[PDB]
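Down below is the structure, laid out as structure tokens.
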Amino acid sequence: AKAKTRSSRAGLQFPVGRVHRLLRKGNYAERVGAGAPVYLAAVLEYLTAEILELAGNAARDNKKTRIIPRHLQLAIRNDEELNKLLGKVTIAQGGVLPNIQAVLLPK
Amino acid sequence: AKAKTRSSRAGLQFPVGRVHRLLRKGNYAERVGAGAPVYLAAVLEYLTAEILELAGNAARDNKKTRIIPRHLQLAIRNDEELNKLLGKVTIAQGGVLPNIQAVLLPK
Amino acid sequence: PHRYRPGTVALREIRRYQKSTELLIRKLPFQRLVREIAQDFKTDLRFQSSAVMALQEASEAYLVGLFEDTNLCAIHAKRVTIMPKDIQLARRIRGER
Amino acid sequence: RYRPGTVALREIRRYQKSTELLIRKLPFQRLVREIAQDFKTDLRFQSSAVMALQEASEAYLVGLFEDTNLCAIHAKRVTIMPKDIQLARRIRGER
Amino acid sequence: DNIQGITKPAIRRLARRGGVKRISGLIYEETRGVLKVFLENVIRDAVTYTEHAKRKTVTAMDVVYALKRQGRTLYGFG
Amino acid sequence: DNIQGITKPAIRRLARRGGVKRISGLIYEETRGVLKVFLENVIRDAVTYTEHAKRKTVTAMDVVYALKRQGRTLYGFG
Amino acid sequence: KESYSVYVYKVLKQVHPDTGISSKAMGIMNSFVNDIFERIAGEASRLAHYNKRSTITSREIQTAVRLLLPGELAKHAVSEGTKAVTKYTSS
Amino acid sequence: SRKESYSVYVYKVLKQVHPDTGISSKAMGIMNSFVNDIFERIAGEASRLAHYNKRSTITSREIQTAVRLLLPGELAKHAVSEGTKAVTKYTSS
Amino acid sequence: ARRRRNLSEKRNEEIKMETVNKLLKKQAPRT
Amino acid sequence: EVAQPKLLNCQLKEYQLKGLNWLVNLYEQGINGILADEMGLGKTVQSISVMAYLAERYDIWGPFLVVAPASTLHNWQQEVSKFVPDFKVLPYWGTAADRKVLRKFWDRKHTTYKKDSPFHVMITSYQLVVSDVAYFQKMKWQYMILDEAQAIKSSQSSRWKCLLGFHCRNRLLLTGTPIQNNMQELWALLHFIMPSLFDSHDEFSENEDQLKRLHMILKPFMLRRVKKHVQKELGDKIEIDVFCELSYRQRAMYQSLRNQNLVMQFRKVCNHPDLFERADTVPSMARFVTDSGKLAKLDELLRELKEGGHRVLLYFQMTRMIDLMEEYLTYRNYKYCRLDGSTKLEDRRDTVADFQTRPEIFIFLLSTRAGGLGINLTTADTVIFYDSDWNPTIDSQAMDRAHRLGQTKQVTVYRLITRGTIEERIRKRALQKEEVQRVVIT
DNA sequence: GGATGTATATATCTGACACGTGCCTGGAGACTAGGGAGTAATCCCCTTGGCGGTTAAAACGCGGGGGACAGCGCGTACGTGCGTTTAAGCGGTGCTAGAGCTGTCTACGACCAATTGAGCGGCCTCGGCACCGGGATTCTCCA
DNA sequence: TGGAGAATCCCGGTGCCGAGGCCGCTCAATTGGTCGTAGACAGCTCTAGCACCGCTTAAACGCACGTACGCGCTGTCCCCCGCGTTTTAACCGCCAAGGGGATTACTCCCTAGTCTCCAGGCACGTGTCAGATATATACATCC
Ligand SMILES: Nc1ncnc2c1ncn2[C@@H]1O[C@H](COP(=O)(O)OP(=O)(O)O)[C@@H](O)[C@H]1O
């Protein structure tokens with residue numbers, strides 16, 4: 001019988017089988033649900049999409065064709081909710097959001 | 001042939017067997033070395049002693065025979081190395097180390 | 001006749017309350033506040049007793065630590081009085097906002 | 001040219017636009033090998049490991065300066081001074 | 001309402017334990033907002049653990065686990 | 001004496017990225033002390049992982065772990 | 001040695017069909033996904049343990065997302081989760 | 001029924017360091033909490049160390065590297081010593 | 001020791017010289 | 001005066017031999033200089049012969065550097081391999097991954113090479129001499145030829161600023177059109193030759209007497225020669241101007257623009273309407289041919305030449321007009337080849353060989369700037385310039401690609417001019433400039 | 001009447017992606033076992049609520065005092081720019097330590113069954129502590 | 001310095017409740033055995049990191065200078081502290097209902113486990129094309 005990737009059965013560009021391997025072998029529990037990897041893979045795909053959508057936008061606002069680490073930084077630190085999720089994270093080659101205190105600026 | 005607790009077999013007050021049970025049921029990994037629980041039990045006993053020695057001293061310095069939470073709190077915040085181990089920890093019923101900032105004191 | 005000068009009584013207070021273990025918010029009104037927040041999230045929530053005691057230990061421990069930080073922000077600005085701008089600085093440096 | 005101060009704010013609008021590493025590579029590397037050899041003699045490093053340390057190290061210092069800046073401004077100064085570093089560290093919890 | 005159940009005298013005391021000599025007058029309303037925003041975050045997590053266990057009763061353990069999801073670890077209740 | 005290899009120019013650039021307009025002169029010797037204390041802590045951990053794996057070479061991965069041990073997660077290197 | 005590279009590119013070609021993504025930015029995405037997997041599977045792990053249960057089901061994942069992701073991001077993720085598991089079960 | 005806890009063992013340690021001293025239930029509750037917390041951390045660290053080396057077993061060596069990572073300074077030295085001693089005695093016996 | 005190290009130089013030299021020549025052959029000579 | 005180099009695998013003609021004598025005397029005096037022979041007298045084999053003479057007498061077996069334009073590199077590789085076959089000749093072109101590997105020939109320690117050494121002559125483009133100057137600056141070049149040297153006429157160019165700082169003994173310029181534009185460009189060549197003497201913009205600036213002045217002043221630094229005195233065996237260029245009148249479509253667009261900065265837009269209309277906007281509401285090929293006066297008049301002329309058994313070099317200034325022209329040649333079912341500056345440097349070799357090897361091919365389409373330099377096309381007979389260049393040296397360079405040595409048929413130059421339009425203005429100015437250049441040499 | 005900026009071309013090169021062959025290892029399908037989680041019935045404990053009472057503390061009202069604040073002078077530190085000096089960055093050659101992979105086999109830890117004593121629940125109990133009244137001693141404050 | 005006087009600590013006597021000891025008993029820790037794979041080990045290839053050399057040229061350094069910030073000092077006036085009195089609701093000790101969590105049994109379906117098979121994805125080549133830098137020329141503009 002022709003094999004149909006679990007991914008395709010659940011419409012998920014993310015690889016549901018690999019997620020099931022890593023949950024099973026990585027000692028998170030004794031037994032893993034068949035529904036576990038499908039749900040978790042849906043959530044990874046959704047977060048991946050969100051960051052790339054915001055970074056894509058920042059690329060085109062800078063008039064450039066290719067996403068780079070500077071744009072991932074600019075994406076992640078604009079969104080209130082993603083910044084709360086990645087507050088501890090340093091992104092290599094990302095640089096800083098432009099920021100001057102209004103006290104420093106000219107009178 | 002007569003039983004010898006693994007604890008006695010290894011000169012320790014903390015329970016080597018129970019530690020081997022928890023390392024097995026805690027999904028910390030697939031196979032759990034034999035000496036692992038013996039070494040882990042030795043360190044738990046050491047840290048337990050270190051705190052209770054300090055607490056005993058704090059209790060005697062306040063003329064009382066029973067350790068209470070407030071004595072643990074004093075003991076733990078008065079030693080730099082224990083404080084660096086437990087900085088994020090709150091102890092219930094602990095209170096605060098007595099510290100008034102010197103510029104607040106009267107002229 | 002007698003009055004202590006402004007501040008002596010406050011330092012009496014610092015010694016006394018820095019030397020007590022007891023909980024500083026009154027129990028019954030704190031308990032009542034915790035259910036007012038809980039009833040937004042799920043209706044008819046029975047609380048254990050020790051759960052509200054644990055919330056109160058955490059709540060007092062958080063604020064008493066916040067005042068320590070706040071006080072350093074004041075003293076650095078060459079004031080002795082803490083003011084709302086001090087609290088907001090402390091929270092921002094600790095990353096909460 | 002520029003009124004007194006406009007030049008500092010131009011420095012700001014420069015270095016916030018760039019993404020480059022701000023410490024010089026070889027001096028950084030020598031500091032890392034000096035510190036390392038206390039813990040173990042004959043430690044070989046991978047290029048990428050020293051670059052990791054430098055990215056993290058600059059990220060840490062830059063972030064300390066933002067927190068230091070807020071301490072100054074709160075004291076109605078524009079100048080950061082050692083007291084401001086020390087205050088930020090204690091609040092953040094690096095005592 | 002209930003947030004005003006945290007009395008001005010109460011805050012004054014808390015502050016004293018943190019060794020503050022002179023307290024403003026606008027501190028009090030700010031402190032209440034701070035304490036509510038803390039409690040809302042902890043309670044949401046505690047109630048979320050309670051509902052996953054299909055209990056109706058928030059236990060001490062739910063709270064203790066809620067707090068360890070915030071870098072604030074409480075010793076002496078479970 | 002390699003810590004003085006972190007030049008005054010450089011500390012000043014870092015400050016500028018952090019949006020500082022004017023810097024005291026005493027800032028330079030504090031900033032050096034700060035940087036060394038942070039690197040000592042991370043390198044000690046990285047070498048601790050390296051020796052555990054019975055390597056002699058400190059890899060990128062050791063360092064990235066050593067930083068996630070301390071709540072400083074470095075995205076970009078394995 | 002494996003990476004989630006392939007899949008990130010597929011998501012990108014679907015959300016922004018003209019764009020590409022540099023080698024170093026792809027390395028950042030591979031870092032991000034490994035990080036979040038660990039966080040969610042760790043919370044699921046602990047939830048199971050706290051409840052004396054031996055399987056990480058899909059219910060354990062959903063409570064772990066509700067705990068990790070802040071605010072509206074959570075709502076959207078749990079919706080996406082639920083949709084997909086429904087579709088898979090319907091096969 | 002049968003919840004289980006380390007209070008028994010804490011009493012013995014206290015009796016060896018301070019023969020006349022005792023301990024309130026609340027203080028013992030704190031001690032019971034402390035011990036779980038530290039087991040958790042040292043086991044978790046040892047877990048991840050094994051994973052990063054692509055190994056299946058948590059041996060004594062891993063618990064050593066974990067003590068050396070969590071504990072600061074002189075604490076660490078003095079603990080890694082107690083550990084060596086104990087495992088040496090067991091291997092002997 | 002010495003034999004393997006000596007052989008490495010010959011093995012390197014052979015490939016280096018051939019790959020050097022191949023590139024001149026890549027450009028000048030028609031391909 | 002000097003004997004022919006014994007390593008040289010071909011006989012020098014009398015004027016070539018005298019040229020080698022001049023260059024040898026320059027080297028032994030320590031003076032740098034310009035061989036300025038009119039195009040196709042054989043500067044190359046004279047240049048090569050100095051490398052031979054140095055390698056014989058003073059045992060200076062390299063390293064020697066030829067810098068040349070891209071079209072021309074393959075020519076030099078062949079010429080050196082043919083005329084002095086003992087020399088070992090190293091390309092320095094191609095991708096960065098290639099060029100790294102080639103640097104592994106260079107010996108940085110022996111300052112003067114000998115016969116056993118890895119390479120004797122290196123051939124590289126102007127373009128790589130600029131991009132890779134960082135690496136070149138380490139070498140100790142023993143003799144250096146810049147070929148097609150008006151490449152360096154602009155003193156403000158990065159190229160001049162780079163090549164001035166190449167560490168080397170004797171330099172030779174080759175350029176068959178030394179005199180170009182204003183006297184500042186003549187300064188630039190002179191300074192590149194001898195910096196100490198020609199150190200100042202202003203002093204070189206310091207009128208019939210000034211012109212007579214200059215002729216003597218240049219006599220120690222330049223040798224100029226012209227075809228009619230030595231190539232008497234090859235007849236002069238027959239030059240035939242052809243006029244064309246704008247098509248109705250052209251006329252409409254030109255009036256539209258004139259009613260509506262527009263210099264280059266006028267030049268486009270005169271080439272072909274379709275260089276603005278092509279066509280389809282259906283567009284016929286017959287309309288395409290008829291819609292441009294030039295192309296229409298060209299169609300007559302091509303058909304005649306085909307019937308007669310001639311072969312054509314056809315030059316353009318605009319690259320999109322090469323694209324359009326291929327379509328008309330495709331439809332008229334003529335076999336053609338194409339070479340322009342966008343063409344990869346491998347294919348250059350192949351294409352030129354093809355047109356010189358297999359006379360089925362009727363037309364070579366060439367860009368004027370890429371095609372004008374280096375390539376040798378003796379098998380052609382007819383040159384057509386579809387559009388006028390502002391600079392007369394560039395067209396000169398171009399038509400001399402048909403009028404080399406070893407040409408045996410009467411070279412015929414056609415040139416098409418669109419009457420009453422910018423084309424005329426341009427050819428007018430180019431002829432003024434050619435009179436000035438010709439006077440200054442004269 | 002000249003020095004320069006602007007606009008539009010060609011000529012080239014370098015690095016990003018699209019496609020390609022190849023090959024291989026892990027994901028898919030399919031078949032069985034047995035134990036975890038799901039079901040309901042039970043039960044006792046601990047939470048929610050009402051009551052009546054005491055009294056600690058919160059709530060309100062005043063002075064007045066000393067701190068937050070605004071302003072000013074002034075003085076020395078910090079920024080600047082010009083000129084010089086030194087090391088960083090490049091790119092090389094070149095050696096070899098050691099990371100990373102393969103193939104063995106042995107020794108060790110998962111798994112089972114039988115035993116038995118450690119440690120839990122529960123019950124009894126008496127001594128450490130809280131608190132209270134009193135006195136003696138210590139800190140503030142103002143004349 | 002000197003009394004005043006409110007507060008604090010220390011002494012002492014009561015009494016109460018929870019720390020601490022001892023009794024059954026059940027279940028998990030110990031003993032002795034099997035066995036099968038993890039990983040310690042020996043050996044190998046070859047990546048890549050450590051040394052060391054010369055050159056350009058940029059940033060690092062040093063100095064002379066000046067002006068703007070920091071900050072020490074004063075006058076004002078608001079607002080917090082300290083205290084007193086009234087008011088109110090928290091705390092206590094108690095009785096009760098009853099819901100809801102912890103438990104015991106029991107059954108069934110889900111997931112681990114093994115096997116067979118093949119296509120997804122990883123590594124390495126390559127080629128081709130849009131973007132970036134030079135450079136040429138006219139002409140308008142600014143000087
Ligand atoms: N003795 C000779 N034998 C063969 N070809 C010769 C000889 N002398 C001159 N030539 C020709 O001289 C031509 C080169 O002319 P030259 O002016 O040097 O070229 P360019 O104008 O491109 O610099 C070649 O086509 C070559 O065939």
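Labels used: A, B, ... for chains in the order of the structure tokens, numbers from 1 for residues in each chain, and numbers from 1 for ligands as shown.
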Item to complete: Counting only C-alpha atoms (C1' of nucleotides) and all ligand atoms, name the residues that have an atom within 9 Å of an atom of ligand 1; the answer should be given as a PyMOL selection string.
Response: chain J and resi 10-13+16+37-47+72+75+79+83+147-148+174-176+373-378+397+400-401+404-406
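The list of chain I residues within 12 Å of chain K is residues 1, 4, 5, 6, 8, 9 and 12 of chain I; this uses only C-alpha atoms (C1' of nucleotides).
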Show me a table, sorted first by chain and then by increasing residue number, of the residues of chain F having an atom at most 6 Å from chain A, each with its shortest atom pair and the distance in Å to one decimal, counting only C-alpha atoms and written as CSV.
residue,atom,partner,partner_atom,distance
F:19,CA,A:100,CA,5.7
F:72,CA,A:88,CA,5.9
F:73,CA,A:89,CA,4.8
F:74,CA,A:90,CA,4.9
F:75,CA,A:91,CA,5.0
F:76,CA,A:92,CA,5.3
Could you give me, as a Markdown table, every chain H residue with an atom at most 9 Å from chain L, plus its closest atom pair and distance in Å to one decimal, counting only C-alpha atoms (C1' of nucleotides), rows ordered by chain then number?
| residue | atom | partner | partner_atom | distance |
| --- | --- | --- | --- | --- |
| H:22 | CA | L:19 | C1' | 8.2 |
| H:23 | CA | L:19 | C1' | 7.9 |
| H:24 | CA | L:19 | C1' | 7.1 |
| H:25 | CA | L:19 | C1' | 8.1 |
| H:55 | CA | L:38 | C1' | 8.8 |
| H:56 | CA | L:38 | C1' | 7.9 |
| H:57 | CA | L:38 | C1' | 8.6 |
Using the selection just defined, write its residues with N, CA and C atoms as a short mmCIF file (atom, residue, chain, number, x, y, z; two decimals), in the first residue's frame.
data_model
loop_
_atom_site.label_atom_id
_atom_site.label_comp_id
_atom_site.auth_asym_id
_atom_site.auth_seq_id
_atom_site.Cartn_x
_atom_site.Cartn_y
_atom_site.Cartn_z
N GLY H 22 17.35 20.19 67.89
CA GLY H 22 16.25 19.63 67.12
C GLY H 22 15.70 20.62 66.09
N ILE H 23 14.49 20.35 65.63
CA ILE H 23 14.03 20.92 64.39
C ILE H 23 12.50 20.87 64.34
N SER H 24 11.90 22.04 64.19
CA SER H 24 10.46 22.19 63.98
C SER H 24 9.99 21.56 62.67
N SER H 25 8.71 21.21 62.61
CA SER H 25 8.15 20.60 61.41
C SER H 25 8.29 21.54 60.23
N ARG H 55 25.20 9.73 24.71
CA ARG H 55 25.40 8.58 25.58
C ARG H 55 24.11 8.25 26.31
N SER H 56 23.95 6.96 26.59
CA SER H 56 22.69 6.46 27.11
C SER H 56 22.70 6.34 28.63
N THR H 57 23.88 6.35 29.29
CA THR H 57 23.90 6.04 30.72
C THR H 57 24.33 7.23 31.57
#
Item to complete: Identify every residue of chain B that has at least one atom within 9 Å of any atom of chain K, counting only C-alpha atoms (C1' of nucleotides), and report the result as a PyMOL selection string.
Response: chain B and resi 3+31-34+64-66
Fill in: Counting only C-alpha atoms, chain J residues within 10 Å of chain I, as a PyMOL selection string
chain J and resi 73-74+77-78+89-94+97-105+345-346+349-350
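Residue list for chain A within 8 Å of chain B: residues 27, 28, 29 and 30 of chain A, counting only C-alpha atoms.
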Kindly export the residues of the current selection with N, CA, C and O atoms, as a CSV table (one decimal), in the first residue's frame.
chain,number,residue,atom,x,y,z
A,27,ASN,N,13.8,11.1,25.8
A,27,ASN,CA,13.6,10.8,27.2
A,27,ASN,C,12.7,11.9,27.8
A,27,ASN,O,13.1,12.5,28.9
A,28,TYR,N,11.6,12.1,27.2
A,28,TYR,CA,10.7,13.1,27.7
A,28,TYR,C,9.7,12.4,28.5
A,28,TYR,O,9.2,12.9,29.6
A,29,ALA,N,9.3,11.1,28.1
A,29,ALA,CA,8.5,10.3,28.9
A,29,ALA,C,8.6,8.9,28.5
A,29,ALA,O,9.5,8.6,27.7
A,30,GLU,N,7.8,8.0,29.1
A,30,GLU,CA,7.9,6.6,28.9
A,30,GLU,C,7.2,6.1,27.6
A,30,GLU,O,7.6,5.2,27.0
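Of note, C1' of residue 83 (chain L) and CA of residue 107 (chain B) are spaced 23.6 Å apart.
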With only C-alpha atoms (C1' of nucleotides) as the counted atoms, please give the residues lying no more than 9 Å from residue 52 (chain A), apart from itself and same-chain residues fewer than 4 positions off, as a PDB file with C-alpha atoms, in the first residue's frame.
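Final output, out_23.pdb:
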ATOM      1  CA  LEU A  47       5.671  29.982  15.133  1.00  0.00           C
ATOM      2  CA  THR A  48       8.085  29.504  12.250  1.00  0.00           C
ATOM      3  CA  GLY A  56       9.875  39.113   5.311  1.00  0.00           C
ATOM      4  CA  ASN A  57       8.138  42.403   5.834  1.00  0.00           C
ATOM      5  CA  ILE A  67      16.289  37.727   4.827  1.00  0.00           C
ATOM      6  CA  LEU A  72      15.275  38.629  12.339  1.00  0.00           C
ATOM      7  CA  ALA A  75      11.204  41.414  13.567  1.00  0.00           C
TER       8      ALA A  75
ATOM      9  CA  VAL G   8      11.885  26.383   6.978  1.00  0.00           C
ATOM     10  CA  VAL G  11       7.268  27.645   4.966  1.00  0.00           C
ATOM     11  CA  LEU G  12       9.123  30.648   3.525  1.00  0.00           C
ATOM     12  CA  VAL G  15       4.390  32.815   3.095  1.00  0.00           C
ATOM     13  CA  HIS G  16       6.698  35.089   1.052  1.00  0.00           C
TER      14      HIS G  16
END
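For residue 24 (chain K), the non-local neighbours within 12 Å, defined as residues at least 4 positions apart in the same chain or in other chains and counting only C-alpha atoms (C1' of nucleotides), are residues 118, 119, 120, 121, 122 and 123 of chain L.
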Per residue of region 35-95 of chain A within 8 Å of region 74-78 of chain G, what are the shortest atom pair and its distance in Å to one decimal, counting only C-alpha atoms, with rows by chain and residue number, as JSON lines?
{"residue": "A:42", "atom": "CA", "partner": "G:77", "partner_atom": "CA", "distance": 7.8}
{"residue": "A:43", "atom": "CA", "partner": "G:77", "partner_atom": "CA", "distance": 5.4}
{"residue": "A:46", "atom": "CA", "partner": "G:77", "partner_atom": "CA", "distance": 6.5}
{"residue": "A:47", "atom": "CA", "partner": "G:77", "partner_atom": "CA", "distance": 7.7}
Discussion item. According to DSSP computed on the backbone, where in region 33-103 of chain A is there strand (DSSP E or B)? Give the residues as a list in words.
Written reply: residues 66, 67, 89, 90 and 91 of chain A
With N, CA, C and O atoms retained, write the just-selected residues as a tab-separated table (two decimals), in the first residue's frame.
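Heads up, here's the output in again_29.tsv:
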chain	number	residue	atom	x	y	z
A	66	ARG	N	16.45	39.28	0.39
A	66	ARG	CA	16.97	38.13	1.11
A	66	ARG	C	16.92	38.49	2.59
A	66	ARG	O	17.48	39.53	3.02
A	67	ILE	N	16.30	37.59	3.38
A	67	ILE	CA	16.29	37.73	4.83
A	67	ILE	C	17.69	37.48	5.38
A	67	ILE	O	18.33	36.50	5.00
A	89	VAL	N	17.16	35.76	24.64
A	89	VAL	CA	17.93	35.32	23.47
A	89	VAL	C	18.77	36.45	22.90
A	89	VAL	O	18.34	37.57	22.79
A	90	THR	N	20.01	36.12	22.55
A	90	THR	CA	20.91	36.93	21.74
A	90	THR	C	20.96	36.35	20.32
A	90	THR	O	21.16	35.15	20.12
A	91	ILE	N	20.80	37.21	19.32
A	91	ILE	CA	20.85	36.75	17.95
A	91	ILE	C	22.15	37.24	17.36
A	91	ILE	O	22.46	38.43	17.39
Can you tell me which residues surround region 35-43 of chain D at a distance of at most 7 Å, considering only C-alpha atoms (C1' of nucleotides), apart from same-chain residues fewer than 2 positions away, and format the answer as an mmCIF file with N, CA, C and O atoms, in the first residue's frame?
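Now in selection07.cif:
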data_model
loop_
_atom_site.group_PDB
_atom_site.id
_atom_site.type_symbol
_atom_site.label_atom_id
_atom_site.label_comp_id
_atom_site.auth_asym_id
_atom_site.auth_seq_id
_atom_site.Cartn_x
_atom_site.Cartn_y
_atom_site.Cartn_z
ATOM 1 N N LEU D 31 42.644 37.564 25.204
ATOM 2 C CA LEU D 31 42.105 37.662 26.550
ATOM 3 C C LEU D 31 41.483 36.321 26.910
ATOM 4 O O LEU D 31 41.613 35.832 28.025
ATOM 5 N N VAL D 32 40.817 35.696 25.949
ATOM 6 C CA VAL D 32 40.145 34.433 26.167
ATOM 7 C C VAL D 32 41.176 33.359 26.430
ATOM 8 O O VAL D 32 40.983 32.631 27.390
ATOM 9 N N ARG D 33 42.301 33.348 25.712
ATOM 10 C CA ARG D 33 43.327 32.357 25.991
ATOM 11 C C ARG D 33 44.080 32.611 27.296
ATOM 12 O O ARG D 33 44.513 31.665 27.955
ATOM 13 N N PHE D 45 41.254 26.063 21.066
ATOM 14 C CA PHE D 45 39.954 26.669 20.824
ATOM 15 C C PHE D 45 39.627 26.543 19.334
ATOM 16 O O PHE D 45 40.515 26.714 18.524
ATOM 17 N N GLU F 40 35.212 34.914 32.774
ATOM 18 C CA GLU F 40 35.725 33.892 33.652
ATOM 19 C C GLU F 40 34.640 32.880 33.923
ATOM 20 O O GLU F 40 34.889 31.669 33.872
ATOM 21 N N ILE F 43 33.862 30.827 30.599
ATOM 22 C CA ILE F 43 34.923 29.941 30.170
ATOM 23 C C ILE F 43 35.115 28.790 31.127
ATOM 24 O O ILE F 43 35.343 27.656 30.657
ATOM 25 N N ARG F 44 34.893 29.020 32.403
ATOM 26 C CA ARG F 44 35.048 27.919 33.321
ATOM 27 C C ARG F 44 34.088 26.792 33.009
ATOM 28 O O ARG F 44 34.474 25.622 33.100
ATOM 29 N N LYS F 56 40.261 17.864 24.141
ATOM 30 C CA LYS F 56 41.175 18.940 24.476
ATOM 31 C C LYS F 56 40.716 20.252 23.851
ATOM 32 O O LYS F 56 40.913 21.300 24.439
ATOM 33 N N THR F 57 40.053 20.211 22.697
ATOM 34 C CA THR F 57 39.565 21.439 22.074
ATOM 35 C C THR F 57 38.207 21.902 22.606
ATOM 36 O O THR F 57 37.272 21.140 22.541
ATOM 37 N N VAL F 58 38.131 23.153 23.078
ATOM 38 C CA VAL F 58 36.898 23.846 23.339
ATOM 39 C C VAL F 58 36.228 24.174 22.037
ATOM 40 O O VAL F 58 36.785 24.944 21.288
#
Worksheet item: Could you pull the residues within 10 Å of residue 28 (chain L), counting only C-alpha atoms (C1' of nucleotides), minus those fewer than 4 positions along the same chain, as a list in words?
Response: residues 17, 18 and 21 of chain B; 118 of chain K
Worksheet item: Where in chain D does DSSP assign helix (DSSP H, G or I), given as a ChimeraX atom specification?
Response: /D:6-15,25-39,47-74,82-92
Would you mind listing, for every residue of chain F within 7 Å of chain D, the two atoms forming the shortest contact and the distance between them in Å to one decimal, using only C-alpha atoms, sorted by chain and ascending residue number, as a Markdown table?
| residue | atom | partner | partner_atom | distance |
| --- | --- | --- | --- | --- |
| F:2 | CA | D:31 | CA | 5.3 |
| F:3 | CA | D:31 | CA | 6.1 |
| F:5 | CA | D:27 | CA | 5.5 |
| F:6 | CA | D:27 | CA | 6.7 |
| F:10 | CA | D:23 | CA | 5.7 |
| F:13 | CA | D:22 | CA | 6.8 |
| F:14 | CA | D:62 | CA | 5.7 |
| F:15 | CA | D:65 | CA | 5.8 |
| F:16 | CA | D:12 | CA | 5.1 |
| F:17 | CA | D:15 | CA | 5.1 |
| F:18 | CA | D:66 | CA | 5.0 |
| F:19 | CA | D:12 | CA | 6.0 |
| F:20 | CA | D:69 | CA | 6.4 |
| F:21 | CA | D:8 | CA | 5.8 |
| F:22 | CA | D:79 | CA | 4.9 |
| F:23 | CA | D:80 | CA | 5.2 |
| F:24 | CA | D:81 | CA | 5.2 |
| F:26 | CA | D:82 | CA | 6.4 |
| F:27 | CA | D:82 | CA | 5.6 |
| F:30 | CA | D:82 | CA | 6.6 |
| F:40 | CA | D:35 | CA | 6.4 |
| F:43 | CA | D:36 | CA | 6.4 |
| F:44 | CA | D:39 | CA | 6.6 |
| F:56 | CA | D:43 | CA | 6.0 |
| F:57 | CA | D:44 | CA | 4.5 |
| F:58 | CA | D:45 | CA | 4.9 |
| F:59 | CA | D:46 | CA | 5.4 |
| F:60 | CA | D:49 | CA | 3.8 |
| F:63 | CA | D:49 | CA | 6.4 |
| F:74 | CA | D:56 | CA | 6.9 |
Can those selected residues be exported to a file as a compact mmCIF listing (two decimals), in the first residue's frame so that it contains C-alpha atoms?
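Saved as selection32.txt:
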# COMPACT_ATOMS: atom_id res chain seq x y z
CA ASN F 2 45.63 41.25 28.08
CA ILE F 3 42.54 42.89 29.61
CA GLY F 5 43.95 45.15 25.22
CA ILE F 6 40.25 46.04 25.29
CA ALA F 10 36.15 50.11 21.87
CA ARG F 13 31.80 52.33 20.79
CA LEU F 14 29.98 49.70 22.86
CA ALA F 15 28.53 52.49 24.96
CA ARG F 16 27.33 54.27 21.85
CA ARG F 17 25.50 51.19 20.59
CA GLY F 18 23.84 51.26 24.04
CA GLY F 19 22.75 54.88 23.38
CA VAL F 20 25.14 56.75 25.69
CA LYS F 21 25.93 60.38 24.88
CA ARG F 22 28.68 61.32 27.41
CA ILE F 23 30.92 58.89 29.41
CA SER F 24 32.96 59.46 32.57
CA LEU F 26 36.40 56.16 35.34
CA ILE F 27 34.00 54.01 33.22
CA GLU F 30 34.93 49.38 35.70
CA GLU F 40 35.72 33.89 33.65
CA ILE F 43 34.92 29.94 30.17
CA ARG F 44 35.05 27.92 33.32
CA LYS F 56 41.18 18.94 24.48
CA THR F 57 39.57 21.44 22.07
CA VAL F 58 36.90 23.85 23.34
CA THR F 59 34.27 23.87 20.63
CA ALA F 60 31.55 26.35 19.71
CA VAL F 63 30.36 27.68 24.72
CA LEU F 74 22.98 32.52 21.86
